[PDB]
Amino acid sequence: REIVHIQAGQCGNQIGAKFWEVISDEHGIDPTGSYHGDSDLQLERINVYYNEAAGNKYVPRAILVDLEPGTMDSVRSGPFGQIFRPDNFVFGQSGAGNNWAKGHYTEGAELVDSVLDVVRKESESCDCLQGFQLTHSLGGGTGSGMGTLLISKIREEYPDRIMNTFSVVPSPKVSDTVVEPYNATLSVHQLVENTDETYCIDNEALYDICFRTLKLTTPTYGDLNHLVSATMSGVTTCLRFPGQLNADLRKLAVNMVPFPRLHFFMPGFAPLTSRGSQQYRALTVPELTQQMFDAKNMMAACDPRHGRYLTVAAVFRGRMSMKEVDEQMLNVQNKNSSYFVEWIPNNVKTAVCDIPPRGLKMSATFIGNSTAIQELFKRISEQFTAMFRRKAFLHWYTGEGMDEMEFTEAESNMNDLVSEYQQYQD
Amino acid sequence: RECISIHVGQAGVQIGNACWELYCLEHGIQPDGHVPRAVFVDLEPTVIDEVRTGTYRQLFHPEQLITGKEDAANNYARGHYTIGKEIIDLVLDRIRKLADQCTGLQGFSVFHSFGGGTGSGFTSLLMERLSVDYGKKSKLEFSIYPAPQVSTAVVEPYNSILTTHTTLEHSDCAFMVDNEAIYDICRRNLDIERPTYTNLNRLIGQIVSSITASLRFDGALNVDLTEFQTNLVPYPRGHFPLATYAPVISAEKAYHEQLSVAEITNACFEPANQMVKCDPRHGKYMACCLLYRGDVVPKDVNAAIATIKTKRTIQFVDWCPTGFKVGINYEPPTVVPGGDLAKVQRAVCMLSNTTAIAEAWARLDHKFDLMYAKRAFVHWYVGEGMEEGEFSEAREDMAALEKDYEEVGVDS
Amino acid sequence: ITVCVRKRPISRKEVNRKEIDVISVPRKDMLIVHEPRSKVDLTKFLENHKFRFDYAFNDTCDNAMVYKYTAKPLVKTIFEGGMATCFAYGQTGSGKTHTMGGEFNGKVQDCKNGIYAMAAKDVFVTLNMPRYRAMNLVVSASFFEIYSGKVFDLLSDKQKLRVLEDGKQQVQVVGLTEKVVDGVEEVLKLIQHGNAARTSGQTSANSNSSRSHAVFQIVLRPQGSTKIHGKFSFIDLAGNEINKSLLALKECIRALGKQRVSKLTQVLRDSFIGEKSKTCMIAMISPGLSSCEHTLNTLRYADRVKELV
């Protein structure tokens, strides 16, 4: 099987560097080097993310889409930056304006064809394609607009292969941009109707989870990114490993989406202990479920405790008892019968790889489909209206060839999306 | 004379590797000896690969190891219809290529895991295509039906109400071994909170050895496969008896091993030792096939059983005077060199049809409704070549399996 | 045939009047009327009646949302080569003009906001799609009103038109002007023009009026076809000659399922007769307690129409 990552925008890009920083080491691939793999198993399934050309050069099969040179020229001028074949860099030296409209209708719409071109060169690579990984932020141009287009096109070209989306939904407390809800509401819209698996991460849900669950005092972006990339590795790549009970994107999809919206999840990693001290090793297993299922530790902003779950997928990856795994999951399902929805006898989807995260003994990625994420699109949707009402920075959109009915559309859509999700919380 | 076997679904394959292990182990045929007599099916390569990478690697022909690199999918539909379809032909081919090579066979011991994708669906049509290609044989399917409270898949029932209705009109005798109710045995009758799947497998891997292996093996009271279905099913419904083993004592802890027949037989009817959470809560037995093995005096049996026939609290069906098929083998059991199984010199693998499953089916049917009642993961099957028909019409199916297992008993 | 109901929120005038909101829509397809009533002794009690519709819209629902559920699904029908009709039905001031024509408490305003415009928008987008492009279709629009058995061309300065029927019984409105549109902007212009021209009494202090039947149509034509490829007729009905048309309308729609004439039904007749034809009826309801009698009348009418389903 296979997949082809997609680094839309700067963020989605910045993260690319971290997702590939990791993944590679979790596959023994040095900058341009080959497979130094401490083992022999980190190779029989690599294909999922690379391509064979030289014999020591397995190149990441991702796409780097962005209308701001400097960015990709920071990712390509640093560490692992020199492993991507230049063909991968689909830049847009234009003005990468922070407008969803500027990267979806006017500026991005041009650079698109020169992207799809490659997304096809990579898809028609070899063997059988599974789906595409998509990273980006719903709070900018090259991210929400242009990346949200990249998919609307992808999903027309292969409505068969899957589409996981890793979105950095606009954090609450403080917005790292101003129109944010504009660029956001507009991209979520496109998401709820193309990709079929979305993993929403919040820069501040991370800080928290990174400053209190990792006594880490100076959580640089690199970190946040790093933590995130840690989860997306547990998801995909991982399951493309052996296991007593292994799954793969689809299983994950076909066990997690009760209703076609596409629904968005909230990823959570397992061993998340501070370096030295904490290295408690309390990782027998009840310790991992202890972790994963708590409020804090959910990369999302919202707290599960604020709304039932529809599905859950503990994708563990480290030798354990299909008994102490299958078992724990249960008590968990009974101690919290309250929030776990009922019309699904077994919400949880236990998954079990074998080999764990390179240096760790036992981990377990969590992919939750809780109704709690209602209380986020609400947020976003609110911010919109409060500012849409006055058409705040709307001239930067319309003036870019947009529509007063376009914004209406998205909000509503994504706004209805909130509605539905409640239809199950009840 | 023989009995092919088709281990379907990762599980049916894990259990397969196990039952297949115990075999050579008690036949003096190490890693590389003769040639098996079965096949392995799965739509997830990595698992059958375990039989291609791990132990008992070269004891098989890459020909009796079928795989569909594609996708497993914990959903009946996909495994039965859509995907599972593509492989079936090929699958059959082996059970027609392996079925030919032999000499007057008796049937195919099928190994599947009720609530899976490749295990429920696929087989459904495998057994399906068999009942037509060899209606003139035995179709005893050895299942591992849904843990009463400790299920795994979220959908499980969808997959098990569907493997039951499609296989029902195709099997001869369906043996059942409850995954959870076996754990109890590992907790209560062997002591270990560390039971790896690799153990439950060693267990069924035992009870099964008592079925085929030893039985198809000479003895003082041989019992053919046909024998079963005949002495075991009162009615065409591919009736599902339950597997039970007697000396399930721990090879470390306690040691009273020397537990003469009179004991090991009584240890079969106590509900805490039957590889099935169908505690004889009321279910009247209607036929039991007491397969003994090891040093056993026919009188010992034709007495130990007599004592039972008159315990009454063990109430047998009405329309059934005597329902006790005494199967005596010679060679005692054969425990793994160093697993956790005691290792006695006599055992009782008694299986039977009990009005008890009236429960187990009930409790599993109800499950289904709850979800269907909301369509839950329905879109996952529909989009896989199924319809509101197959579900609703397979529900009605089992409905008359709740009435069937009710009528054939509870009444006189 | 699809039938929906949409409750409008209480207006400022009603609120100031302190009118009580009698209607609730607890579910997507459930509408409840909390009818106030008094016994002979004048005991007060509530008779809550329940109505079910394919879609029931609350006061919160926008025109876009309403449009999505009603008219939008019909557009494809015309491209399919069928004939679709969408009717706004209800009491005076219920919101029919607002929904079809555009947002205005006066029923007259922003064309873009209404179903005629939204439907047009979708027509251009679909025409552009690959399955359709081969069709080489041209889009035409017309707008006319029916008043006291008379047809007037809103596009051609209220010009009175004559309607004839052949022995074949097919009807034609001669003189009706069809205007070529190649952009939503175009359609908006025509809607504005027609709406200004729409019939009424003296300048009322507020609001428009529905003395007439308003019908805006979108036609697709290659070179005829079935007398044109497909046609969508959006009708803004007069507040519930009017009675006869409404009675006539009901029978025609119900006839649609299986397969006392009026002008409206006569002009629309081709839209009911064909096998490939779909209709949607939207019943508008004013939530005020004072309007309770009117609403039940509207709802019951609606029930019979859906009954055909």
# chains A, B, ... in the order shown; residues from 1 in each chain; ligands from 1
call {"tool": "closest_atom_pairs", "arguments": {"of": "chain B", "to": "chain A", "cutoff": "6 Å", "atoms": "only C-alpha atoms", "output": "JSON lines"}}
result
{"residue": "B:46", "atom": "CA", "partner": "A:242", "partner_atom": "CA", "distance": 5.9}
{"residue": "B:73", "atom": "CA", "partner": "A:251", "partner_atom": "CA", "distance": 5.7}
{"residue": "B:154", "atom": "CA", "partner": "A:346", "partner_atom": "CA", "distance": 3.9}
{"residue": "B:196", "atom": "CA", "partner": "A:321", "partner_atom": "CA", "distance": 5.7}
{"residue": "B:371", "atom": "CA", "partner": "A:343", "partner_atom": "CA", "distance": 5.2}
{"residue": "B:377", "atom": "CA", "partner": "A:258", "partner_atom": "CA", "distance": 5.4}
call {"tool": "write_last_selection", "arguments": {"atoms": "N, CA and C atoms", "output": "short mmCIF file (atom, residue, chain, number, x, y, z; two decimals), in the first residue's frame"}}
result
data_model
loop_
_atom_site.label_atom_id
_atom_site.label_comp_id
_atom_site.auth_asym_id
_atom_site.auth_seq_id
_atom_site.Cartn_x
_atom_site.Cartn_y
_atom_site.Cartn_z
N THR B 46 -0.08 -9.57 6.41
CA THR B 46 0.75 -9.66 7.61
C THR B 46 0.46 -10.81 8.58
N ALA B 73 -10.81 -5.33 6.71
CA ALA B 73 -12.05 -4.62 7.01
C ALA B 73 -12.90 -5.37 8.00
N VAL B 154 -16.17 -3.02 17.24
CA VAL B 154 -17.29 -2.22 17.67
C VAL B 154 -18.56 -2.76 17.08
N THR B 196 -1.98 -15.01 27.09
CA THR B 196 -1.77 -14.47 25.76
C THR B 196 -2.71 -15.21 24.84
N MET B 371 -27.83 -1.38 17.65
CA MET B 371 -27.10 -0.62 16.64
C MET B 371 -27.87 -0.45 15.35
N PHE B 377 -22.96 1.60 12.16
CA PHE B 377 -22.02 1.42 11.05
C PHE B 377 -22.61 0.74 9.84
#
call {"tool": "select_by_dssp", "arguments": {"residues": "stretch 101-212 of chain C", "states": "alpha helix (DSSP H)", "output": "ChimeraX atom specification"}}
result
/C:101,115-127,130-133,184-197
call {"tool": "write_last_selection", "arguments": {"atoms": "N, CA and C atoms", "output": "compact mmCIF listing (two decimals), in the first residue's frame"}}
result
# COMPACT_ATOMS: atom_id res chain seq x y z
N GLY C 101 -38.20 36.03 -3.81
CA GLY C 101 -37.67 37.24 -4.39
C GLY C 101 -36.43 37.81 -3.78
N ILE C 115 -34.57 32.69 -3.63
CA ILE C 115 -34.50 31.43 -4.31
C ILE C 115 -34.41 31.59 -5.80
N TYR C 116 -35.05 32.62 -6.40
CA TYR C 116 -34.94 32.72 -7.83
C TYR C 116 -33.49 32.87 -8.19
N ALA C 117 -32.77 33.75 -7.47
CA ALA C 117 -31.38 34.02 -7.73
C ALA C 117 -30.52 32.83 -7.43
N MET C 118 -30.73 32.19 -6.27
CA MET C 118 -29.91 31.08 -5.85
C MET C 118 -30.04 29.97 -6.84
N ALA C 119 -31.27 29.72 -7.32
CA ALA C 119 -31.52 28.66 -8.26
C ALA C 119 -30.77 28.94 -9.52
N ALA C 120 -30.76 30.21 -9.96
CA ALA C 120 -30.10 30.61 -11.18
C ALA C 120 -28.63 30.37 -11.04
N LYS C 121 -28.08 30.68 -9.85
CA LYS C 121 -26.68 30.54 -9.61
C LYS C 121 -26.28 29.12 -9.87
N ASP C 122 -27.08 28.16 -9.35
CA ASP C 122 -26.80 26.75 -9.50
C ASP C 122 -26.94 26.33 -10.93
N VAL C 123 -27.84 26.98 -11.69
CA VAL C 123 -28.06 26.60 -13.05
C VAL C 123 -26.83 26.86 -13.86
N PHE C 124 -26.16 28.00 -13.64
CA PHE C 124 -24.98 28.30 -14.41
C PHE C 124 -23.87 27.38 -14.04
N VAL C 125 -23.72 27.06 -12.74
CA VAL C 125 -22.64 26.21 -12.32
C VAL C 125 -22.79 24.83 -12.91
N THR C 126 -24.01 24.26 -12.91
CA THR C 126 -24.21 22.91 -13.39
C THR C 126 -23.99 22.82 -14.87
N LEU C 127 -24.41 23.85 -15.62
CA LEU C 127 -24.35 23.87 -17.06
C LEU C 127 -22.90 23.70 -17.44
N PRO C 130 -19.00 19.01 -16.68
CA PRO C 130 -18.69 18.15 -17.79
C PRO C 130 -19.84 17.36 -18.33
N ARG C 131 -20.70 16.78 -17.47
CA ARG C 131 -21.75 15.96 -18.01
C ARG C 131 -22.69 16.82 -18.81
N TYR C 132 -22.91 18.05 -18.34
CA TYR C 132 -23.78 18.99 -18.98
C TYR C 132 -23.18 19.74 -20.14
N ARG C 133 -21.86 20.02 -20.14
CA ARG C 133 -21.31 20.94 -21.10
C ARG C 133 -21.60 20.52 -22.51
N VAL C 184 -25.39 35.21 -13.55
CA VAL C 184 -26.30 35.35 -12.44
C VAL C 184 -26.67 36.79 -12.33
N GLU C 185 -25.71 37.66 -12.67
CA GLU C 185 -25.89 39.08 -12.61
C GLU C 185 -27.02 39.42 -13.53
N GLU C 186 -27.09 38.73 -14.68
CA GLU C 186 -28.12 39.01 -15.65
C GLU C 186 -29.45 38.73 -15.02
N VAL C 187 -29.59 37.54 -14.40
CA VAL C 187 -30.83 37.10 -13.83
C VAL C 187 -31.26 38.06 -12.76
N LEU C 188 -30.30 38.58 -11.97
CA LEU C 188 -30.62 39.48 -10.90
C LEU C 188 -31.23 40.72 -11.49
N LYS C 189 -30.74 41.16 -12.66
CA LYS C 189 -31.27 42.37 -13.24
C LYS C 189 -32.71 42.17 -13.57
N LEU C 190 -33.05 41.01 -14.16
CA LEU C 190 -34.39 40.74 -14.60
C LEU C 190 -35.32 40.61 -13.42
N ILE C 191 -34.84 40.03 -12.31
CA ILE C 191 -35.64 39.87 -11.13
C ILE C 191 -35.97 41.22 -10.56
N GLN C 192 -34.99 42.14 -10.52
CA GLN C 192 -35.18 43.46 -9.98
C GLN C 192 -36.23 44.13 -10.80
N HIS C 193 -36.11 44.03 -12.13
CA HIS C 193 -37.00 44.71 -13.03
C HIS C 193 -38.39 44.23 -12.84
N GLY C 194 -38.58 42.90 -12.81
CA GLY C 194 -39.89 42.33 -12.71
C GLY C 194 -40.53 42.68 -11.41
N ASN C 195 -39.76 42.61 -10.31
CA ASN C 195 -40.26 42.84 -8.99
C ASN C 195 -40.72 44.25 -8.84
N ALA C 196 -40.04 45.21 -9.49
CA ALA C 196 -40.45 46.57 -9.32
C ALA C 196 -41.84 46.74 -9.87
N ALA C 197 -42.06 46.16 -11.05
CA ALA C 197 -43.24 46.18 -11.89
C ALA C 197 -44.40 45.41 -11.32
call {"tool": "select_by_dssp", "arguments": {"residues": "stretch 54-206 of chain C", "states": "strand (DSSP E)", "output": "ChimeraX atom specification"}}
result
/C:55-57,83-90,138-147,150-153,159-165,171-174,179-181
call {"tool": "write_last_selection", "arguments": {"atoms": "N, CA and C atoms", "output": "mmCIF file, in the first residue's frame"}}
result
data_model
loop_
_atom_site.group_PDB
_atom_site.id
_atom_site.type_symbol
_atom_site.label_atom_id
_atom_site.label_comp_id
_atom_site.auth_asym_id
_atom_site.auth_seq_id
_atom_site.Cartn_x
_atom_site.Cartn_y
_atom_site.Cartn_z
ATOM 1 N N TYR C 55 -39.367 18.563 5.349
ATOM 2 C CA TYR C 55 -38.440 19.391 6.066
ATOM 3 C C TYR C 55 -39.215 20.493 6.728
ATOM 4 N N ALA C 56 -38.920 20.758 8.018
ATOM 5 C CA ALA C 56 -39.571 21.829 8.725
ATOM 6 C C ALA C 56 -38.490 22.772 9.159
ATOM 7 N N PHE C 57 -38.637 24.066 8.799
ATOM 8 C CA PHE C 57 -37.628 25.059 9.074
ATOM 9 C C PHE C 57 -38.109 25.989 10.149
ATOM 10 N N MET C 83 -39.251 18.862 -15.851
ATOM 11 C CA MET C 83 -39.885 20.122 -15.564
ATOM 12 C C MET C 83 -40.094 20.179 -14.082
ATOM 13 N N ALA C 84 -39.594 21.253 -13.432
ATOM 14 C CA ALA C 84 -39.690 21.348 -12.000
ATOM 15 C C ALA C 84 -40.434 22.588 -11.624
ATOM 16 N N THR C 85 -41.129 22.527 -10.470
ATOM 17 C CA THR C 85 -41.891 23.657 -10.020
ATOM 18 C C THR C 85 -41.672 23.765 -8.538
ATOM 19 N N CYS C 86 -41.547 25.004 -8.018
ATOM 20 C CA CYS C 86 -41.425 25.208 -6.600
ATOM 21 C C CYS C 86 -42.426 26.270 -6.244
ATOM 22 N N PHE C 87 -43.276 26.010 -5.228
ATOM 23 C CA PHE C 87 -44.323 26.944 -4.896
ATOM 24 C C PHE C 87 -44.123 27.433 -3.497
ATOM 25 N N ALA C 88 -44.341 28.747 -3.294
ATOM 26 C CA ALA C 88 -44.340 29.315 -1.976
ATOM 27 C C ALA C 88 -45.788 29.549 -1.662
ATOM 28 N N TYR C 89 -46.291 28.928 -0.576
ATOM 29 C CA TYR C 89 -47.696 28.984 -0.258
ATOM 30 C C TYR C 89 -47.868 29.417 1.170
ATOM 31 N N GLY C 90 -48.913 30.233 1.453
ATOM 32 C CA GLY C 90 -49.135 30.633 2.815
ATOM 33 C C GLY C 90 -49.940 31.899 2.878
ATOM 34 N N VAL C 138 -28.666 26.883 -23.692
ATOM 35 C CA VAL C 138 -28.726 28.307 -23.543
ATOM 36 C C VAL C 138 -29.700 28.540 -22.429
ATOM 37 N N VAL C 139 -29.463 29.558 -21.584
ATOM 38 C CA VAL C 139 -30.363 29.766 -20.482
ATOM 39 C C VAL C 139 -31.239 30.965 -20.734
ATOM 40 N N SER C 140 -32.565 30.802 -20.522
ATOM 41 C CA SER C 140 -33.478 31.897 -20.726
ATOM 42 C C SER C 140 -34.307 32.068 -19.485
ATOM 43 N N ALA C 141 -34.829 33.295 -19.257
ATOM 44 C CA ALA C 141 -35.600 33.543 -18.071
ATOM 45 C C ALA C 141 -36.819 34.334 -18.439
ATOM 46 N N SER C 142 -37.918 34.161 -17.672
ATOM 47 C CA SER C 142 -39.091 34.957 -17.908
ATOM 48 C C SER C 142 -39.715 35.234 -16.576
ATOM 49 N N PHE C 143 -40.496 36.334 -16.475
ATOM 50 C CA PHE C 143 -41.144 36.604 -15.226
ATOM 51 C C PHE C 143 -42.494 37.178 -15.554
ATOM 52 N N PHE C 144 -43.575 36.591 -15.000
ATOM 53 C CA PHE C 144 -44.887 37.116 -15.255
ATOM 54 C C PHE C 144 -45.754 36.881 -14.055
ATOM 55 N N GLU C 145 -46.896 37.601 -13.988
ATOM 56 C CA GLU C 145 -47.782 37.490 -12.869
ATOM 57 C C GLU C 145 -49.159 37.211 -13.374
ATOM 58 N N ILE C 146 -49.975 36.534 -12.542
ATOM 59 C CA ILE C 146 -51.319 36.236 -12.931
ATOM 60 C C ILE C 146 -52.216 36.951 -11.976
ATOM 61 N N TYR C 147 -53.121 37.781 -12.529
ATOM 62 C CA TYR C 147 -53.978 38.594 -11.726
ATOM 63 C C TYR C 147 -55.352 38.508 -12.329
ATOM 64 N N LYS C 150 -55.755 37.041 -15.551
ATOM 65 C CA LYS C 150 -55.032 37.689 -16.612
ATOM 66 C C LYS C 150 -53.566 37.480 -16.393
ATOM 67 N N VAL C 151 -52.800 37.364 -17.499
ATOM 68 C CA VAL C 151 -51.378 37.170 -17.397
ATOM 69 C C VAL C 151 -50.692 38.430 -17.838
ATOM 70 N N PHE C 152 -49.698 38.898 -17.047
ATOM 71 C CA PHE C 152 -48.995 40.108 -17.385
ATOM 72 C C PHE C 152 -47.520 39.832 -17.400
ATOM 73 N N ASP C 153 -46.827 40.371 -18.423
ATOM 74 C CA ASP C 153 -45.419 40.143 -18.578
ATOM 75 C C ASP C 153 -44.690 41.197 -17.795
ATOM 76 N N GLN C 159 -47.197 44.008 -19.798
ATOM 77 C CA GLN C 159 -47.956 43.829 -21.004
ATOM 78 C C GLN C 159 -48.897 42.676 -20.801
ATOM 79 N N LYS C 160 -50.198 42.883 -21.102
ATOM 80 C CA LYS C 160 -51.203 41.860 -20.973
ATOM 81 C C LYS C 160 -50.974 40.845 -22.051
ATOM 82 N N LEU C 161 -50.999 39.546 -21.684
ATOM 83 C CA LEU C 161 -50.745 38.492 -22.632
ATOM 84 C C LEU C 161 -51.995 37.681 -22.806
ATOM 85 N N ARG C 162 -52.100 36.954 -23.939
ATOM 86 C CA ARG C 162 -53.254 36.134 -24.185
ATOM 87 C C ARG C 162 -52.834 34.702 -24.051
ATOM 88 N N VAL C 163 -53.721 33.852 -23.487
ATOM 89 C CA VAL C 163 -53.381 32.466 -23.312
ATOM 90 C C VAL C 163 -54.343 31.635 -24.105
ATOM 91 N N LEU C 164 -53.809 30.745 -24.969
ATOM 92 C CA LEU C 164 -54.645 29.925 -25.798
ATOM 93 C C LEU C 164 -54.401 28.480 -25.514
ATOM 94 N N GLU C 165 -55.414 27.648 -25.835
ATOM 95 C CA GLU C 165 -55.286 26.228 -25.692
ATOM 96 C C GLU C 165 -55.790 25.587 -26.950
ATOM 97 N N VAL C 171 -51.105 24.349 -23.608
ATOM 98 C CA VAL C 171 -51.351 25.764 -23.480
ATOM 99 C C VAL C 171 -50.139 26.543 -23.897
ATOM 100 N N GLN C 172 -50.349 27.758 -24.453
ATOM 101 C CA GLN C 172 -49.224 28.597 -24.764
ATOM 102 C C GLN C 172 -49.575 29.996 -24.367
ATOM 103 N N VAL C 173 -48.605 30.727 -23.783
ATOM 104 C CA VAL C 173 -48.859 32.108 -23.505
ATOM 105 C C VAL C 173 -48.147 32.879 -24.556
ATOM 106 N N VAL C 174 -48.923 33.451 -25.488
ATOM 107 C CA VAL C 174 -48.294 34.141 -26.564
ATOM 108 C C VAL C 174 -47.884 35.508 -26.118
ATOM 109 N N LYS C 179 -35.820 36.175 -21.946
ATOM 110 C CA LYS C 179 -34.601 36.931 -22.040
ATOM 111 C C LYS C 179 -33.435 36.012 -21.844
ATOM 112 N N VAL C 180 -32.393 36.193 -22.680
ATOM 113 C CA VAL C 180 -31.205 35.388 -22.634
ATOM 114 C C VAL C 180 -30.350 35.858 -21.498
ATOM 115 N N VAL C 181 -29.861 34.909 -20.671
ATOM 116 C CA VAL C 181 -29.022 35.257 -19.557
ATOM 117 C C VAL C 181 -27.805 34.391 -19.625
#
call {"tool": "residues_around", "arguments": {"residues": "stretch 279-291 of chain B", "least_positions_apart": "3", "cutoff": "9 Å", "atoms": "only C-alpha atoms", "output": "PyMOL selection string"}}
result
chain B and resi 210-211+215+223+228+231-234+241+265+269-272+274+276+314-320+322-329+347-359+408-410
call {"tool": "write_last_selection", "arguments": {"atoms": "C-alpha atoms", "output": "compact mmCIF listing (two decimals), in the first residue's frame"}}
result
# COMPACT_ATOMS: atom_id res chain seq x y z
CA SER B 210 -9.70 -34.45 20.79
CA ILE B 211 -12.14 -34.00 17.95
CA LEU B 215 -10.72 -39.65 17.01
CA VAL B 223 -16.21 -41.98 16.41
CA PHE B 228 -20.93 -36.33 15.31
CA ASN B 231 -25.34 -38.26 17.22
CA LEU B 232 -25.04 -34.49 17.78
CA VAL B 233 -27.61 -32.55 15.75
CA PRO B 234 -31.28 -33.20 16.32
CA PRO B 241 -22.69 -27.66 20.27
CA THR B 265 -16.33 -36.48 33.76
CA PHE B 269 -20.79 -30.44 33.49
CA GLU B 270 -19.87 -27.85 36.08
CA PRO B 271 -20.38 -24.66 34.07
CA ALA B 272 -17.01 -23.21 35.04
CA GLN B 274 -16.73 -25.15 29.19
CA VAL B 276 -18.39 -20.86 26.50
CA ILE B 314 -28.43 -31.98 34.85
CA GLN B 315 -31.86 -32.29 33.18
CA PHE B 316 -31.63 -33.64 29.60
CA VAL B 317 -34.29 -32.94 27.02
CA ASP B 318 -37.56 -34.86 27.13
CA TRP B 319 -37.75 -36.30 23.64
CA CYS B 320 -34.35 -37.69 24.34
CA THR B 322 -30.31 -41.32 26.10
CA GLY B 323 -28.07 -38.68 24.54
CA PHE B 324 -24.56 -39.79 25.42
CA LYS B 325 -22.16 -40.74 22.64
CA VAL B 326 -19.21 -42.33 24.42
CA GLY B 327 -16.07 -41.94 22.33
CA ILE B 328 -13.03 -43.76 23.66
CA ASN B 329 -9.55 -43.29 22.27
CA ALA B 347 -9.13 -36.39 29.50
CA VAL B 348 -12.73 -35.70 28.50
CA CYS B 349 -13.46 -33.39 25.57
CA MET B 350 -17.21 -33.39 25.80
CA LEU B 351 -19.14 -31.29 23.37
CA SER B 352 -22.89 -30.89 23.18
CA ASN B 353 -26.01 -29.14 22.01
CA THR B 354 -27.61 -27.35 24.94
CA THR B 355 -30.85 -25.40 24.94
CA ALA B 356 -28.51 -23.05 26.73
CA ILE B 357 -27.33 -21.18 23.69
CA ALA B 358 -30.94 -19.94 23.58
CA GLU B 359 -29.18 -17.39 25.73
CA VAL B 408 -36.75 -28.01 20.67
CA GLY B 409 -36.65 -27.67 24.43
CA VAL B 410 -38.35 -26.07 27.45
call {"tool": "atom_distance", "arguments": {"atom1": "atom CA of residue A:68", "atom2": "atom CA of residue A:48"}}
result
28.5 Å
call {"tool": "closest_residue", "arguments": {"among": "B:330, B:76, B:381, B:111", "to": "residue B:13", "atoms": "only C-alpha atoms"}}
result
B:111
call {"tool": "interface_residues", "arguments": {"of": "chain C", "to": "chain A", "cutoff": "10 Å", "atoms": "only C-alpha atoms", "output": "list in words"}}
result
residues 61, 62, 64, 65, 112, 113 and 118 of chain C
call {"tool": "write_last_selection", "arguments": {"atoms": "C-alpha atoms", "output": "mmCIF file, in the first residue's frame"}}
result
data_model
loop_
_atom_site.group_PDB
_atom_site.id
_atom_site.type_symbol
_atom_site.label_atom_id
_atom_site.label_comp_id
_atom_site.auth_asym_id
_atom_site.auth_seq_id
_atom_site.Cartn_x
_atom_site.Cartn_y
_atom_site.Cartn_z
ATOM 1 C CA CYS C 61 -33.263 29.227 9.150
ATOM 2 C CA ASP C 62 -31.908 31.484 6.405
ATOM 3 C CA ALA C 64 -29.935 29.732 1.745
ATOM 4 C CA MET C 65 -30.731 26.932 4.142
ATOM 5 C CA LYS C 112 -29.500 37.776 -4.804
ATOM 6 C CA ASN C 113 -30.839 36.698 -1.411
ATOM 7 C CA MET C 118 -29.908 31.083 -5.853
#
call {"tool": "atom_distance", "arguments": {"atom1": "atom CA of residue B:186", "atom2": "atom CA of residue B:344"}}
result
17.1 Å
call {"tool": "residues_around", "arguments": {"residues": "stretch 277-291 of chain C", "least_positions_apart": "3", "cutoff": "8 Å", "atoms": "only C-alpha atoms", "output": "PyMOL selection string"}}
result
chain C and resi 1-10+14+19-23+35-36+70-71+74+77+82-91+93-96+253+256+271-274+294-295+298-299+302
call {"tool": "residues_around", "arguments": {"residues": "stretch 113-123 of chain B", "least_positions_apart": "2", "cutoff": "9 Å", "atoms": "only C-alpha atoms", "output": "ChimeraX atom specification"}}
result
/B:6-12,41-44,72-81,83-85,87-88,110-111,125-128,142-146,151-153,155-164,166-167
call {"tool": "residues_around", "arguments": {"residues": "residue B:212", "least_positions_apart": "5", "cutoff": "10 Å", "atoms": "only C-alpha atoms", "output": "list in words"}}
result
residues 2, 3, 109, 207, 217, 223, 224 and 225 of chain B
call {"tool": "closest_residue", "arguments": {"among": "B:95, B:48, B:249, B:203", "to": "residue B:22", "atoms": "only C-alpha atoms"}}
result
B:203
call {"tool": "residues_around", "arguments": {"residues": "residue B:31", "least_positions_apart": "2", "cutoff": "9 Å", "atoms": "only C-alpha atoms", "output": "JSON list (two decimals) with C-alpha atoms, in the first residue's frame"}}
result
[["chain", "number", "residue", "atom", "x", "y", "z"],
["B", 24, "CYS", "CA", 2.78, -32.72, 14.97],
["B", 29, "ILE", "CA", 6.61, -34.92, 13.11],
["B", 33, "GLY", "CA", 8.68, -33.81, 8.37],
["B", 55, "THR", "CA", 7.29, -21.35, 13.58],
["B", 56, "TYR", "CA", 5.88, -24.15, 11.41],
["B", 57, "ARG", "CA", 7.19, -22.12, 8.50],
["B", 58, "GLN", "CA", 8.18, -24.89, 6.06],
["B", 59, "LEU", "CA", 5.53, -27.40, 7.12]]
